[PDB]
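Notes follow the structure.
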Amino acid sequence: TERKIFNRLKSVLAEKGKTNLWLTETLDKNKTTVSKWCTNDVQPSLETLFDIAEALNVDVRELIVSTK
Amino acid sequence: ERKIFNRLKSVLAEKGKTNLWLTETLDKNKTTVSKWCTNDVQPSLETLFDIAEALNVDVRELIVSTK
C-alpha cells in the first residue's frame, strides 16, 4: 500500500475546538507522541484510540478515515 | 474495563471468510489472527487497514462503535 493517511485526529480536534496541547495534557502523554499522531507519522494503538474518543466525546470510528 | 475493541470475528462471519483465509491472504500466523479475533491482542491501525482491504469492508466496521 501507498497509504499515508490512516487517522483523522487533527480534523476531530478541530471539530471539537481542542488543541494538541489539550489532548496531550488530558491523556497524560508526551507532546511529540500526540504531534506525530496528528501528522499521521505514528499511529496510536487501537486501545489509545478508544481513550482519545472518550476524551473527545466522539465515536472512536470517527477518528479513523473511512475506506467505504 | 473495556475488553472488546474489534469486530473482526463478526466481520469475517458476515463476509463468509475464515481465520485461515485471513492468515493466507495477509501472510500472518494462525495464532496472531486468532488473538485478534478473540480480542486478546489488537492489530495495529495499519494492519486493521490491511484487513479491511482484504475483506472489502470499511475499516471503521472493524472497530466497536462507541456511539
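Where a number appears in this text, it was derived from the coordinates with a stated rule and is not lab data. Here the Cβ positions follow ideal geometry from the backbone for every residue, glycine too, while neighbour counts run over all protein chains shown.
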Item checked: Selection from the range B:29-55 of residues that are more than 18 Å from A:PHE6 (Cβ to Cβ) and either part of a loop (DSSP other than H, G, I, E, B) or under 11 Å from the mean Cα position of the chain (by Cα) (or both) -> B:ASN29, B:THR32, B:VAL33, B:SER34, B:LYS35, B:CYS37, B:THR38, B:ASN39, B:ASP40, B:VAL41
Note to self: For the range B:13-40, give me each residue that is touching a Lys or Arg at 6+ places or on another chain (Cβ under 8 Å) and exposed (fewer than 14 other Cβ atoms within 10 Å of the Cβ).
What the structure shows: B:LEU20, B:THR38
Check: Of the numbered conditions (1) of a type in the set (A, V, I, L, M, F, W, C); (2) under 11 Å from the mean Cα position of the chain (by Cα); (3) exposed (fewer than 14 other Cβ atoms within 10 Å of the Cβ), A:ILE5 satisfies every one except a single condition; which is it?
Finding: (2)
Check: Any residue at all in the range B:48-55 that is free of Cβ contacts under 8 Å to residues at least 12 places away in the same chain, farther than 22 Å from A:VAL58 by Cβ and out of contact with any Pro (no Cβ under 8 Å at 6 or more places or on another chain)?
Finding: yes
Checklist line | Filtered residues of the range A:43-53 (kept if at the interface with chain B (Cβ under 10 Å from one of its Cβ atoms) and surrounded by 14 or more Cβ atoms within 10 Å (Cβ to Cβ)) | finding: A:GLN43, A:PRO44, A:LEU46, A:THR48, A:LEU49, A:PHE50, A:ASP51, A:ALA53
